[PDB]
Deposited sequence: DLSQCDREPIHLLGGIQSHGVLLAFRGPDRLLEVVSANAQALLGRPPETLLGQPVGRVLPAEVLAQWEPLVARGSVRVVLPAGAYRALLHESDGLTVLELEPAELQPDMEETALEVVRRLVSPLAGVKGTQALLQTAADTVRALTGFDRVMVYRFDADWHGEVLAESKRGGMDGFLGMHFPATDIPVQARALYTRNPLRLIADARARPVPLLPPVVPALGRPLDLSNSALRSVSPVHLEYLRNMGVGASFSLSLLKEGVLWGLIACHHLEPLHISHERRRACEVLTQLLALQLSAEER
C-alpha cells in the first residue's frame, strides 16, 4: 500500500470542484458559516462579505423562490441569469449545506447481469468507457465487465484496483450511490474559512455532491487522459459490493434525468443481487 495516503481524510479536504458553488449555514437565522471561495461569480458579493449573513440576502432570488420544495425534496431546478442550475440540500456537522451545480435547461449468471449493467450505464452516460468492479474478500476491485466505444485510448484498463481503494473511500461509496468528478484537469476550490470555528476542522463533505477529490486519485485519472469520471456504487443488502466506473476523455455533462435513471439501476441491481438467495 501507500499508508502515507491510505489514512487520507478525504472527507475533510476542505475543497470542492470548480464547476459548482457550496454554502453552509446553521441556526434559525440561517447564518452563512461556510462558503466556497469561487462564490462571487454566482452570488454577486465577495465570500468574506457573505459570511455572517442570513441566506435570505445571500442566495439568488430564483433559489429563495423555490426554498420550500428545496427543503422538502432536497433538490430543485432553478433558472438563474447565469443559466440553469440544480440546488441540492443536505445536513452535515449541524450545518445545512447548499450546493449549486449547472444543469441543462428545462423549458417546453452474475457476470452476465453486470455486463448488461455495464452496457446500460454506458448508454445512459455516453461516456467512452465503463468498468464494473466487484470487491473480493481482501476488498480488491476485480474487473468483471467492460463496455467501451470502438477503438480506444484507455485500451483494456482491466487492471484491478488492488492494494488500492482506502477504507475511507469505500465508506463514502457505501453512503453515496453516485459520485461525479466533472473534470480531472480542473482545479479544486477551497472552502472558507479553512476550518469551521465551531468544529476545529473543515466541514465534513461525506455527502457533498461537489466534494473535491484526493490529489493522488486525480493524478491517476489525468495520467490516463481521463476528463470526466462518473461512479456508481453497487450495494448488496446495504453493504458495498462493487463499483461501476465511467471514464470519458473530456468533460461531458450527464444531466439529471439520466443520472437519476443510473441510481435507480443501482437500486434494481441491489435487489437482484440479494433476492438471488432469499
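Can you list the gaps, in order, where the deposited sequence has no modelled residues?
Missing C-alpha atoms (numbering from 1) occur across the range 109-128 alone.
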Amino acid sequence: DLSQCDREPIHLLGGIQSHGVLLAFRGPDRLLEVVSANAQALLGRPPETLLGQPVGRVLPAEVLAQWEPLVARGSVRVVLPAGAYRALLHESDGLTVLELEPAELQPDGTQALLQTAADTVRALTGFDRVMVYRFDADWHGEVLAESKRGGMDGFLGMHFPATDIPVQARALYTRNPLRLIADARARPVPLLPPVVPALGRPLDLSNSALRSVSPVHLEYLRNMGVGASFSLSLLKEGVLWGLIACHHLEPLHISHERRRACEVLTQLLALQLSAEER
From here on, numbers count along this sequence of modelled residues.
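Segment of higher mean CA temperature factor, 112-120 or 93-101
That would be 93-101.
Stretch with the greater mean C-alpha B-factor as recorded in the entry, comparing 174-182 against 146-154
Between 146-154 and 174-182, it is 146-154 that shows the higher mean C-alpha B-factor.
For the CA B factor values reported in this entry, which option in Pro215, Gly227, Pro28, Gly238 has the top one?
Each of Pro215, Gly227, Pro28, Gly238 was compared by C-alpha B-factor; the highest is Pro28.
Reading the B-factor column of the entry, which of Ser36, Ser231, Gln53, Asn223 has the highest value at its C-alpha atom?
Checking the PDB record, the top C-alpha B-factor among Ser36, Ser231, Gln53, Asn223 is at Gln53.
Split the chain's modelled residues into thirds by Cα B-factor; is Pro190 in the lowest, middle or highest one?
CA B-factor rank for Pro190: lowest third.
Could you look up the Cα B-factor of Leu199 in the entry and say which third of the chain it sits in: lowest, middle or highest?
For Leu199, the deposited C-alpha B-factor lands in the highest third.
Would the CA B-factor of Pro60 place it in the lowest, middle or highest third of its chain?
For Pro60, the deposited C-alpha B-factor lands in the highest third.
Lowest, middle or highest third of the chain for the C-alpha temperature factor of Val167?
Within its chain, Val167 is a lowest-third residue by C-alpha B-factor, going by the deposited values.
Would you mind checking where the Cα B-factor of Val71 ranks among the modelled residues of its chain, as the lowest, middle or highest third?
Highest third.
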